[PDB]
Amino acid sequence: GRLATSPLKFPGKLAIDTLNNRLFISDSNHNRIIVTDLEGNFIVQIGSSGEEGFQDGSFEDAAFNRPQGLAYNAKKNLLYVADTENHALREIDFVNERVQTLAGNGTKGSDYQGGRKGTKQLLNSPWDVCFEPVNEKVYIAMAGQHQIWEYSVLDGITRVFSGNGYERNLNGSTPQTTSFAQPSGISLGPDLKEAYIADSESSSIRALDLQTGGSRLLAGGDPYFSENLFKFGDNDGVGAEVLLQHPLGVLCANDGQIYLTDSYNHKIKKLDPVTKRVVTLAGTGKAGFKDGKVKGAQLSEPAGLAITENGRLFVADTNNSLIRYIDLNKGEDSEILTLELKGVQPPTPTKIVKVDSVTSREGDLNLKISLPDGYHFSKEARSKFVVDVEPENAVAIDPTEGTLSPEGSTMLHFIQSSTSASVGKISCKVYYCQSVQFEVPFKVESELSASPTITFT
């Protein structure tokens, strides 16, 4: 059946180019973007090896790491990518067939304000993107920090747009009097005045004001206890009668109506943002795979949506690893069907290790390199390391070079020289019977000593 033959693995998100009839698939756990026509015929992929990585360049060289949201720039023929586990915003240029990084730098940030340019601005688990084509802004659902961010296409400034960073369903009128709760989907309204948000961990749909940074609650969740993350269930109705569970995807159609994936209830739902009425569109609520009449069909953790001008709604049916679609024009005779992918192959494939940032002024790095079963480190070729700090002298790292222990381990003492951020690079030549570079971000946020573990197998 369709499940056994799918070349996808947990596709999370979709975008569409309705002018040139292209579907963009975030094949998330294959670390690649697939481009097909609207009938599922393969056109091109970016990330054909399927390997996790963080690499700019040609379509042959580029690498992603569990990417999620996509947004298409019709004016420039570019695809924006929320490259979640690289904490980066990427750009796929179809004119020149190149990938480049717009913002973020591969390391998870803890910057709740931003305002830096391009790759000097760190991000935190960006999950979804949408492109506002008049003011040329990419809005980012920054799931890791419970915020919405704004990337300025014309100058690269990347900044917080809304949300104080606390996880709650709080709908104030200014960016610092709003909060989100794992926002994982974002879609612009027809007038480009609001963005609709899938606020996954409050189990609600919200509307963000693109002029003020304030937000309002449309349906789902607890309108009276902002801290309540347990107001979930599966109930159609109006406003506060509505229960959802962990919606990951949201889409605003040209007529202003909202489609959403009520992900943990295995349903597609329709929200009228004017009346706040939510009705089930497709799915019984039981996890599964069944095509046909929409009310009797089954999905499994659907998470992304895209729509054609003619009313064909595509769904990334994530846990089934399938793309499905519904023709909305059919009304109550609507059916959900599976996009049969054609010509889409499964993936056919110095190591870099991004390390979690070190937050203590002083401490020790516990470096351990593991081997597979059967292998052991060489004897007449001890594995040696060398240490460099990206701004020289920014961190004093006491053994700047040496040999690894018989277990492939070593301990390095460090102290940061100031209050600014830096990067330490530990380059290792390991002989077993490879070349691995650990990239360690450093920034001072505590005066207590830390002792992180740095690992590679």
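Residue indices: 1-based, along the sequence shown.
- The entry models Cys433 and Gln434 with a gap of 4 to 9 deposited residues left without coordinates.
- The entry shows a gap from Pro349 to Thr350, with 10 or more unmodelled residues of the deposited sequence in between.
- Stretches 290-298 and 313-321 differ in mean CA B factor, with 290-298 having the higher one.
- Taking the PDB entry as given, 372-380 carries the higher mean Cα B factor of the two stretches 372-380 and 258-266.
- In this entry, the residue among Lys342, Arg216, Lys354, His87 with the greatest C-alpha B factor is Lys354.
- Remark: of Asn393, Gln45, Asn41, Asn29, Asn393 shows the highest value [criterion: C-alpha B-factor in the PDB entry].
- Sort the chain's modelled residues by C-alpha temperature factor and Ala421 lands in the highest third, per the entry.
- Split the chain's modelled residues into thirds by C-alpha temperature factor. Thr101 is in the middle one.
- For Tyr72, the recorded CA temperature factor ranks within the lowest third of the chain's modelled residues.
- Ranked against the other modelled residues of its chain, the C-alpha B-factor of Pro7 as given in the entry falls in the lowest third.
- Ranked within its chain, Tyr139 lands in the lowest third, by CA B factor from the PDB record.
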